[PDB]
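**Student:** Everything below, folded, please.
(5 chains)
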Amino acid sequence: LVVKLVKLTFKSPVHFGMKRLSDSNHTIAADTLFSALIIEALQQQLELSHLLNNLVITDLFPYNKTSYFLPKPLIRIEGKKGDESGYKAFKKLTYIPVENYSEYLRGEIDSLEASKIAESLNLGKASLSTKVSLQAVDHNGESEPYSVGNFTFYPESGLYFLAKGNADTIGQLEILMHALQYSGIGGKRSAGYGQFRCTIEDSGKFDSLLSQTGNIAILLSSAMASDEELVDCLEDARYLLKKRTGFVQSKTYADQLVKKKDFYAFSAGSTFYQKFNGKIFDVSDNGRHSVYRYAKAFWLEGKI
Amino acid sequence: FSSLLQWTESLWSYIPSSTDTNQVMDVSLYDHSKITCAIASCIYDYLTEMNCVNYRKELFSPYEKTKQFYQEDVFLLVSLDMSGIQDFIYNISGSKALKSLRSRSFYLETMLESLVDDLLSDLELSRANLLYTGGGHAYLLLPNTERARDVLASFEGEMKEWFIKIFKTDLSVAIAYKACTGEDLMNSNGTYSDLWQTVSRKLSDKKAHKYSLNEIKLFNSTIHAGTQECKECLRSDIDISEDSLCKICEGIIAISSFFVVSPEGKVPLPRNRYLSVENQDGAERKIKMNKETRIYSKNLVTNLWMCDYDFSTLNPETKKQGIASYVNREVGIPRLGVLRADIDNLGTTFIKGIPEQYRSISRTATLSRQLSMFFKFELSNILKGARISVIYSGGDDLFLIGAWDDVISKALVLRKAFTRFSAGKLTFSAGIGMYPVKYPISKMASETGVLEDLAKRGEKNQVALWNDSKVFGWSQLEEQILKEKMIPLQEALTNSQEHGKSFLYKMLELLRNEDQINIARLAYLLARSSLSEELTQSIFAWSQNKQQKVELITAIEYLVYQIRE
Amino acid sequence: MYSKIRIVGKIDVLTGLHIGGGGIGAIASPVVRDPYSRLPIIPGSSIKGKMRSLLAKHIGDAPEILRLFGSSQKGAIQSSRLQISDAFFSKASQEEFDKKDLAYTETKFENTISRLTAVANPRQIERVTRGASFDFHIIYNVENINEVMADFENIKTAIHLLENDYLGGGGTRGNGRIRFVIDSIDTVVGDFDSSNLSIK
Amino acid sequence: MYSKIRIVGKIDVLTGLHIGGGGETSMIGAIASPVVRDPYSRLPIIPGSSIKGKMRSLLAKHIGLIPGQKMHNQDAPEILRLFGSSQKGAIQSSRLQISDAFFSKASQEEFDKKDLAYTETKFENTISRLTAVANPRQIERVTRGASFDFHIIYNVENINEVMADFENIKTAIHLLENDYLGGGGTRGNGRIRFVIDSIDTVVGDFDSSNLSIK
Amino acid sequence: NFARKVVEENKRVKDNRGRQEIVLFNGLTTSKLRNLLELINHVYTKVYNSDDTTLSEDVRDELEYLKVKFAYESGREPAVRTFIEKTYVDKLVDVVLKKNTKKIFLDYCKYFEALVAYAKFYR
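**Tutor:** Residues are numbered from 1 along each chain as shown, chains lettered A, B, ... in the order given. Below is the structure:
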């Protein structure tokens, strides 16, 4: 299939949330972006067959000047036989530059070098902007303060994600991302947060990295497997279960917005000796439509 | 026997184990006796499993069998670690979070104590075998009998099932053990730290693959959406009661002097029990009414050490509002100070801090007991008289929420006390943040954790104060920022009628700029301010010299926050 | 299909603009600033709220207001058509203020003479300097190609009121007066012709 | 329909006007009291808050102030309706929004001619009652030729109360002209005259042609 | 820091009187410099108002008048003469006239502001 790197440079502060409005996150999983893509394709009156049948995206990872970051793989690192706080430094570390990814998979990285890699990330700063609600003041009430957490990417930094699919799927992705540049991604995109510009191009470096074949597999997107594959993939695996929850965002779902069914997915960067392909899990209950949660798997091979 | 163990800890904790002066007196009598009792219980279990007819023939008669027994893998080093403690404690939203914080922390600590007590009860051992227990982490020494391994497997399965049933990935407990040779405890081969590191690696490996196939399948397969969630720690799965509070959430509210683990109570606890705070006579009544009721005494009672200092609960007016009581001031900006402190290289201290010639099981027990006794009992005596409430303790993680000035003053006093108690050899890095009231608790915790991480960089003996650009050393902050600069400015401005508050902002605005003409403007501003000439020259020189301009700026900002109408 | 009318312009402060922040250093009544560049901004929240309030006063919740600014009531779930981004301190004004050695913000000193003791109570508020210009970026979502003209008439009315009104701060005391300068109005997504469309 | 009536005119200073503020300039003088200046132009300014405060105080004193008033929300209902209220549960919006009055272009040109400075340095003193010694003092003022462009917006919330509101506004302006604007006005500073150029309803179908404030 | 250098070089103390008093430029005060600094403020406002990289003709004539004012003030008061000679301020005025740009006059104003600020500081 065709692989395209999409680089997102954000012109405005961005509100990515995990559980609350005040919480600000620097990245979004693949499920959030797939929800945005489905919403956009519905707005643009476009078919959902390509996205639901062949699109394979990853999460959004940091990038900066001359470095593209990948999730820290969940491998058994030997550390230093002297100190245990080296493992603390490794757990604090979260993202590895693409150049150092193979080295980290082969060890060869000290705890001090791990902290250096962690601090080498040049991805913006998060803040908490406090706003008010004045709608109660007209009918004999008080102003209600409330905080929104936002994230400001540094001028040459931003997010990126790889996308794999057919030529037609890649074209639909290009059109939908062009529309999404102005639709915005985030949690307050109707109040200014999340305006961005995307650039979609084929990357030789990342294509070569994906072409690399190793003994183990690494998840690049928040994914989960069905029972037939879950009985086999879990053997000798190091993963992390993320609790994907959220409210439904759509006018036609119900008279009032209600929560989705709680989902659990393998975080990006988990290590599996056996590879699995995810499914688009339906997380709606008794709804007018079916809410889609993305759990397909984008695999990066590695040597440990 | 448990009461006798508590009495022994109360008396012999400061009596040396070895009377000999030439022999080093690090291990006290209580520590050595407790370790001896634990090892004696372990070997008794091992021999009972082995059905040894004669003990002296087994180990003493040729005296070759003594070293043979020392060679055998007679013991198990077991570690229980609870994951999700800090997320459970601090990721809460709402006006009730600022009163449920300490309740959640104490609930987690008591749950860990109940877990380890159940584990010991299954193995038919006292709490002497419990080597250490701190921030969600417990280390124990057990016999290497097959019954012990079967009990460990059953306990692991039971606790995993219970935590999945009640919390569902919000909290987990992982237990890993390694077979241990007597020589390893003696460190004759220098394999003690290797044993500890191996058990820690096994524990981490278990934490990686925490859930099984059926558990994941049950997680993903849910029947209906919640359609209603709790105000704090929003969970749709469990039945949300009226006022939008979950069963656990309302019980934690209900908790907020002994702790009673009985069939009936407030908050659920493993092995089908409930934790409830009870009065002494009420606790005794519950013991009489309900058999097999463990009772814990804060600092048949099992004495539990935990720092409970809370200035709000001291005064009845402040009892109503936990921390909003702290924020209200007659003078000074109504803000909150959050301190996240951490001992640096604590694992290195346990492993590499003790020389290989001094490594032993009793030495490690003594060190861990000393750390726990400092961070659970002495901490409260350090914080006495300050508007500070301590949420967490144990050294590896601290949390002291209160007034910003009280928090920074007690952080300085805590550094001094930690230097005294550790006598060097140990430095702790701190992050201090200042936040308005009604600031989200999760945001306060996360941002102060970011500050702590900043202070951990480079040399670990650092404090990251307020904004991330103000990372100093403890000597720099205590003397140069506060005593050298802030105090003379406070004197000179409190002499004035306006208390500054307009001069200081002009000073800050001029100091933000690096223009030379701004330096000249600062000179003119100081000249017009009519301070003492020596103080004026001192301020000008501090502004001229980098790394003193920042200290002057921090002193100015502290003064501005100190007087805010 | 779906259309996104992209409107780009400049907001020129006519008097000092003070959009405060509840949460650089100790500043008396600071204004909101960009976390990275530490340049004052106009949050899209403030513009959206002021425009919605002025449209509410003019029209009068009303169906046009909910259609434009979005609503989330039961049976009244409508996506906001106006996505108003933050107004960033412009580069041209940044250079103009770099020249003349002029700071981007200023400190206004005020009083409050008590009716009881006639004692002036000093106060300070930060205000963006009156020569500043903020680049503003608005997106209109064309959900109904029939209602778009009426929506833009309402938007023009809101902008007219806002130009005669104030933006965030104490406006009745002279702060916050602005002026919009619509550099362009373009339909980036879709094909809805907005050449005849024009605010102001 | 929301109707906004725009009152634009000139504020002629009839004596030296000194509206103090935190000042900065080249070769800062011995003056401890420099006038407020519009930093972008460095010309002296009349902050709209000064005009609104002086007008509201004068109008409230004219209407009459409740004995033992501790707040500005305890004024007469007309004053709160016109200038706005902040009382708990009874918040009333300010119909009257008084912008800052910038130094006029006409006075700027007339002071570029004649080679005159827009400001002046009045030298005063204070003869003590005990030692009979004069302590020199310097006050920065705006010369009496200067004028300021003033812009006021009135919000028509209630149609029937507009005439009474403009009667009160006319009373406030008439009091202010006889009074002083922000300064040491009891010693001659700050004398003012309003010359209303226009009163036109910029927004709304309301008409204010018959409406006058001076 | 030429300004601080010259101010501290000319800084002096009234040791002859036996009572502590700092003397700058043999008795200079800001009152002596008031007229010339107000004139420089006038020129500074005039040049700030104009949008032109080079100085206009009115600015040049006003600067010549400023040079004349420097000479007259030097004649009237010995303290101003000492200040002007040691600080070379009139020579800098001549240099500004030679350069004929707005930026050079802005820098001259910066230098004079530093001079008066440091003089007030060391008093």
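**Student:** and residue E:102, what is it in contact with?
**Tutor:** Residues near residue E:102 by CB atoms under 8 Å, 6 or more residues apart in numbering or on different chains: E:47, E:50, E:52-55. All C-beta spots, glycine's among them, are computed from the backbone N, C-alpha and C.
**Student:** Now rank these by neighbours and give me the top one.
**Tutor:** Greatest neighbour count in the contacts of residue E:102, by other CB atoms under 10 Å in any protein chain shown, goes to residue E:55: 23 neighbours.
**Student:** The residue nearest to it when sequence neighbours are not counted - how many residues pack around it?
**Tutor:** Once flanking residues are discounted, residue E:55 sits nearest to residue E:100: 5.3 Å by CB to CB, 6 or more residues apart in numbering or on different chains. By other CB under 10 Å, 15 other residues sit near residue E:100.
**Student:** One more: the one 10 residues further on?
**Tutor:** Residue neighbour count, defined by other CB under 10 Å, stands at 17 for residue E:110.
**Student:** So it: helix, strand or coil?
**Tutor:** Under DSSP: H, G, I helix; E, B strand; the rest coil, residue E:110 falls in the helix class.
**Student:** pretty sure it contacts residue B:517?
**Tutor:** Yes: Residue E:110 lies in contact with residue B:517 (CB atoms under 8 Å); the separation is 4.9 Å.
**Student:** thought the residue nearest to residue E:55 was touching residue E:52?
**Tutor:** No: assessed by CB under 8 Å, residue E:100 is found out of contact with residue E:52, at 10.7 Å.
**Student:** Out of the contacts of residue E:102, list just those in helices.
**Tutor:** Using DSSP state H, the members of those that fall within helices are residue E:47.
**Student:** Redo the contacts of residue E:102 as CSV? Include distance to residue B:543.
**Tutor:** Formatted as CSV, these follow (distance: CB to CB, whole Å):
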residue, distance to residue B:543
E:47, 30
E:50, 34
E:52, 36
E:53, 33
E:54, 36
E:55, 34
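**Student:** tell me which parts of chain E are close to chain D?
**Tutor:** Residues of chain E lying close to chain D (CB under 8 Å from any CB of the partner chain) are E:30-31, E:33-34, E:37-38, E:40-42, E:44-45, E:48-49, E:109, E:112-113, E:116-117.
**Student:** cool, and chain B?
**Tutor:** Counting by CB under 8 Å from any CB, the residues of chain B lying close to chain D are B:502, B:506, B:521, B:524, B:528.
**Student:** Can you say which of these are buried?
**Tutor:** When the residues of chain B next to chain D are checked for burial by 16 or more other CB atoms under 10 Å in any protein chain shown, the buried set is B:506, B:521, B:524, B:528.
**Student:** pull the longest helix from the chain.
**Tutor:** Unless you meant another one, I'm taking chain A. helix A:167-183.
**Student:** let's do chain B instead
**Tutor:** Longest helix of chain B, by residue count under DSSP H: helix B:97-123.
**Student:** Past that helix, which element shows up next along the chain?
**Tutor:** The helix or strand immediately downstream of helix B:97-123 is strand B:130-133, counting by DSSP states H and E.
**Student:** That following strand and chain A, any residue contact?
**Tutor:** No: with CB under 8 Å from any CB as the criterion, chain A is not reached by strand B:130-133; the gap is at least 14.7 Å.
**Student:** Residue B:79 falls within a helix, correct?
**Tutor:** No: using three-state DSSP, the assignment for residue B:79 is strand, not a helix.
**Student:** For it, the count of nearby residues, please.
**Tutor:** The burial count for residue B:79: 21, using other CB under 10 Å.
**Student:** wait, it sits on residue B:195?
**Tutor:** No: Residue B:79 is beyond contact range of residue B:195, at 11.1 Å (criterion: CB under 8 Å).
**Student:** mind listing what the residue nearest to residue A:27 when sequence neighbours are not counted touches?
**Tutor:** Excluding its sequence neighbours, the residue lying closest to residue A:27 (CB to CB, 6+ apart) is residue A:60, at 5.0 Å. For residue A:60, the contact set (CB under 8 Å, 6+ apart) comprises A:8, A:27-28, A:33, A:159-161.
**Student:** could you redo the last one with a cut-off of 10 Å?
**Tutor:** Applying CB atoms under 10 Å, 6 or more residues apart in numbering or on different chains, we find residue A:60 in contact with A:6, A:8, A:16, A:26-30, A:32-33, A:158-161, A:185, A:221, A:268.
**Student:** can you check residue B:191 too?
**Tutor:** Going by CB under 10 Å, 6+ apart, residue B:191 touches B:180-181, B:183-185, B:198, B:356, B:359.
**Student:** Which parts of the stretch 451-565 of chain B are helices?
**Tutor:** Ranges of helices in the stretch 451-565 of chain B, per DSSP state H, counting those that start in this stretch, are B:474-475, B:487-495, B:503-512, B:516-529, B:533-544, B:549-562.
**Student:** And for the residue of chain E found nearest chain C, the neighbour number?
**Tutor:** Chain E approaches chain C most closely through residue E:48 (6.8 Å), counting by CB to the nearest CB. Residue E:48 has 18 neighbours, counted by other CB under 10 Å.
**Student:** Chain D contacts on the stretch 151-300 of chain A?
**Tutor:** With the criterion set to CB under 10 Å from any CB of the partner chain, the stretch 151-300 of chain A never comes near chain D.
**Student:** Which stretches in the stretch 151-300 of chain A count as strands?
**Tutor:** Ranges of strands within the stretch 151-300 of chain A are A:158-165, A:196-201, A:216-219, A:237-238, A:241-244, A:263-266, A:271-272, A:281-282, A:292-293, A:299-302, based on DSSP state E, counting those that start in this stretch.
**Student:** Please, which helix or strand holds residue 5?
**Tutor:** Picked chain A for this. strand A:2-10.
**Student:** Switch to chain E, please.
**Tutor:** Judged by DSSP H and E, residue E:5 forms part of helix E:2-10.
**Student:** quick one, what contacts residue 177?
**Tutor:** Just so you know, I chose chain A. A:4, A:6, A:8, A:33, A:36-37, A:40, A:163, A:183, A:196-200.
**Student:** My question was about chain B, not that one.
**Tutor:** Residue B:177 makes contact with B:75-80, B:140-142, B:144, B:148-149, B:152-153, B:156, B:199, B:202-203, according to CB under 10 Å, 6+ apart.
**Student:** A strand includes it, no?
**Tutor:** Yes: judged by three-state DSSP, residue B:177 forms part of a strand.
**Student:** partners of it in the sheet?
**Tutor:** Applying DSSP bridges to residue B:177 yields these beta-bridge partners: residue B:78.
**Student:** For the closest residue to residue E:4 other than its chain neighbours, what are phi and psi?
**Tutor:** Nearest residue to residue E:4, sequence neighbours excluded (CB to CB, 6+ apart): residue E:118, at 4.9 Å. Main-chain torsions, residue E:118, degrees, to the nearest 10: phi -70, psi -30.
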